[PDB]
Every structure is written in structure tokens, then in C-alpha cells.
């Protein structure tokens, strides 16, 4: 039984670590196998925030344009959407702008967003400055976070805070007209 049922969606360029992120959250495991997601997948994990029990229904999407038609059809029905980039991949960060566009286009007007830079454990190759990124996120009233799916760094937090921002919006919507 649960108090809340939130539906989340992960999006971002191919190979940035979406699936690796979701697996870490749901199964606490990490595989190094080079597998690429077809279309969409989903895992489920129940958390409790503020004494309230929240069910998370999380869907992974495929980053390749050749799958967009299939993935896009999953936006509108989402409470929150985590956009992911690779801190070692400059182009994936530059694509975040376009990814945010796809949200305005398929997603509900008042859907919760969240910016994530993954692979933070790769200190040597990191190429996207955190600072530069918190700015952009701030410029949009969006939360930000750097995760490593390999290590569990900030992973549980990312999903936790997307969950938190939803309960907050869910609550304001019940309150005001």
C-alpha cells in the first residue's frame, strides 16, 4: 500500500547512464555490460518521504532519435522527468537544451524537471564544470545534481529530490485552484 504514486521518466543522449542510474536505484547493482535500451523500460521502487509512502514508477527511455516516436509518447503522463548528461561528454550537455525542448512539446505543462550530470567518478575526463551547470539549472528554477551510477554517489538523492518536488507540487495543486 502507498500514499502516493509518482511516475518518473529519464531522458538524455544515448549512453549517458540512464539505465545504469535506474538499475542502481532499484537494484543497487551496476553492470559494466555494453547494452543499449530499446524503446522504453521501467522499474519500480517504493520510498518514504516525510512519513508518507511514495511509489515510484520509473521509465527509462532510449536516447537515439530513431526511437523518439516511441519514447515521446511517454512524456505527457509523467509527474517528473530527469534529464541526464555525461560530465565527460560536452555534446550531451549541449543537447540538454534540445531535450528540454522535447519536454515542452510532449510533456504536461507543469511537469517537474531535474538536471543530472552522471559519471562524476571520472575525475580525469570531466569536461562540464559543475558551477557552469548549477547556473543553467538555476536559470530555470530547476534542481541540479551530479551522480556516479558506478559508485552510488548522489543517486538515491537525485530521485529523492525529484520525489520531493513532486509531493510539493502535488500539494499546491490540491490547495489552490
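Positions refer to the first chain, counted from 1.
Across the two stretches, 101 to 109 and 79 to 87, the PDB entry reports the greater mean Cα temperature factor for 101 to 109. With 24 to 32 and 58 to 66 compared on mean CA B-factor from the PDB entry, the stretch scoring higher is 24 to 32.
The entry assigns its greatest Cα B factor, within the set 149, 115, 47, 122, to 47. Per-chain ranking of the deposited C-alpha B factor places residue 157 in the middle third. Residue 38: CA B factor lies in the lowest third for its chain, per the PDB record.
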